[PDB]
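# Breakdown of the fold
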Amino acid sequence: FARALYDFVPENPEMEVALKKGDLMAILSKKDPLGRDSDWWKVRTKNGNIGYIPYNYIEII
């Protein structure tokens with residue numbers, strides 16, 4: 001899946017995941033709708049945190 005680059009934080013206090021520099025996360029979505037180019041994906045951390053996360057903040061296995 002993916003890894004955590006920098007300490008991430010809920011972009012919005014409604015739906016997002018949290019990351020602590022070095023953490024890890026599983027990415028599913030891409031651009032999300034169409035699937036073009038940009039850094040913004042959806043993730044699942046330890047199956048406990050489900051939300052989004054800029055691609056420039058996570059590592060691709």
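Residues numbered from 1 in each chain as written, not as in the entry; some residues may be left out. Heavy atoms only, no water.

Header annotation of the entry names solution NMR as the structure determination method.

## Side note on the packing of aromatic side chains
To be explicit about the condition: Any two rings among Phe, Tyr and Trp, with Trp reduced to its six-membered ring, count as a pair given centres within 6.5 Å; such a pair is stacked if its planes are under 30 degrees apart, edge-to-face if over 60, and tilted if neither. Secondary structure is summarised from DSSP: a helix means a run of H or I of at least four residues, a strand means a run of E of at least two, and numbering begins at the N terminus for each. Exposure categories follow from relative accessible area, calculated using a 1.4 Å probe and restricted to protein chains: below 20% of the type maximum is buried, above 50% is exposed, and the middle band is partly exposed.
Within this structure, the stated rule accounts for four aromatic pairs. When the ring of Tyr6 is compared with that of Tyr57, the centres are 5.8 Å apart and the planes differ by 65°; the resulting orientation is edge-to-face. Separated by 51 residues along the polypeptide, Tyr6 in the loop between strand 1 (2–4) and strand 2 (24–27) and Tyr57 in the loop between strand 4 (49–53) and strand 5 (58–60) bring together distant segments of the chain. Taking the relative accessible area as the measure of exposure, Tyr57 reaches 34% and is therefore partly exposed.

## Focus: the sheet that holds strand 4
Short version of the rule: Any two strands with at least two DSSP bridges between them are considered paired. Note on method: axes are straight lines fitted to C-alpha atoms, helices fitted across the in-contact stretch only, with angles between N-to-C directions ranging 0 to 180 degrees.
Overall, antiparallel pairing links the five strands, which are arranged 4-3-2-1-5 in an open sheet. Pairing within the sheet leaves two strands with one partner each, and these edge strands are strand 4 and strand 5. Averaged over all adjacent pairs, the angle separating strand axes in this sheet is 35°, with direction ignored. Pairing of strand 3 (residues 41–45) with strand 4, which is carried by five bridges, proceeds in the antiparallel orientation. Across the sheet, residue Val43 finds its bridge partner in strand 4, namely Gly51.

## Re the pattern of salt bridges
If the charged atoms of two oppositely charged side chains come close together, the side chains can form a pair. To keep it simple, the criterion reads: The working definition used for a salt bridge is a side-chain nitrogen of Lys or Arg within 4 Å of a carboxyl oxygen of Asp or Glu.
A full pass over the atoms with the stated rule returns one salt bridge. Between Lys46 and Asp23 there is a salt bridge whose closest N-O contact spans 2.9 Å. Here the residue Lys46 occupies a position in the loop between strand 3 and strand 4, and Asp23 occupies one in the loop between strand 1 and strand 2, the gap between them amounting to 23 residues. Among the residues examined, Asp23 registers a relative accessible area of 10% and is labelled buried.

## Topic: a nonpolar patch on the surface
Inclusion rule: By definition, no residue in a patch forms a salt bridge, and every one has over 30% relative accessible area; like charges are joined within 9 Å, nonpolar side chains (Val, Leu, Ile, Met, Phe, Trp, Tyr) within 5 Å. Method for areas: the Shrake-Rupley scheme with a 1.4 Å probe, in which residue coverage is limited to the protein chains shown.
On the surface, a cluster of nonpolar side chains totalling about 390 Å² of accessible area is made up of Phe1, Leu28 and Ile61. In this fold, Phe1 is placed in the segment before strand 1.

## Concerning unusual backbone geometry
Unlike most non-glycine residues, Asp32 shows phi in positive territory, near 105°. In this structure, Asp32 sits in the loop between strand 2 and strand 3. Judged by relative accessible area, which is 43%, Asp32 ranks as partly exposed. Its identity is not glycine, yet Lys46 carries a phi of approximately 50°, on the positive side.

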